[PDB]
């Protein structure tokens, strides 16, 4: 799951859990069933708490809760999906965390590879510190200044995979997909891109993140496909209007691109997928 999916999951999470009271949280399996996450004990000790928001910045999602009584006692659940982590409203395979709300309302977090993380915190300054570790959200921010890519003498791949340098939220398939549209070889240094390519890249980044966010599901998140098709969508990047109704991988994990051209499973700074036949260093 990348930026777009995390944001859509937060949307769905607020839709059903915003305003609800979190009664209990249980890690029944995985990397935390052995030794619970940081701040876990101090957390279930302040429960019950009301959920006031479920927000994201890039690939980082967090719950914001407040003590019914002492509203100055604010709590937060830091969370990252990782390669296979997904939220759901029914107990799915590899469920790792189980959240119990009032009126027997349940919410689950599955994660086959166990790359997702949790952390409970009672500090708001610690949140701001975390959110400050991420560059602007490539999907929610409609006016990032992609121009600073020139100042860096490093691969365009690395620059987009980075979560702080230019913006946050792009991952393995978004970068690969975006670069394929801009027809830019992933090896091309940010310092070698032309003002043209730059404003061209800023276009596909917006285009791809919006299309991804607008998709019912991507591959994972299929556990929320019924909720996803029943919830609207925020107008991020309100001027770029993707044409396809669903997000389709053109190069990601594809032996050949659409037109047949070969797609190399290159592996520069996991594997980045690109079609040398269409992506140029020019």
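Numbering follows the first chain given and starts at 1.
Unmodelled residues of the deposited sequence between residue 269 and residue 270: 4 to 9. The PDB entry reports B-factors from which the mean C-alpha value can be compared for 167-175 and 190-198; the larger average falls on 190-198. Higher average CA B factor: 139-147, of the stretches 139-147 and 200-208. The PDB entry assigns the greatest CA B-factor among 237, 233, 255, 230 to 255. In this entry, the residue among 226, 53, 33, 56 with the greatest C-alpha B factor is 33.
For residue 16, the recorded CA temperature factor ranks within the lowest third of the chain's modelled residues. Annotation for residue 22: C-alpha temperature factor in the lowest third relative to the rest of the modelled chain, per the entry.
In this PDB entry, the Cα temperature factor of residue 222 sits in the middle third of its chain's modelled residues.
Among the modelled residues of its chain, residue 104 has a C-alpha B-factor that falls in the middle third according to the deposited record. In this PDB entry, residue 73 carries a Cα temperature factor that places it within the highest third of its chain's modelled residues.
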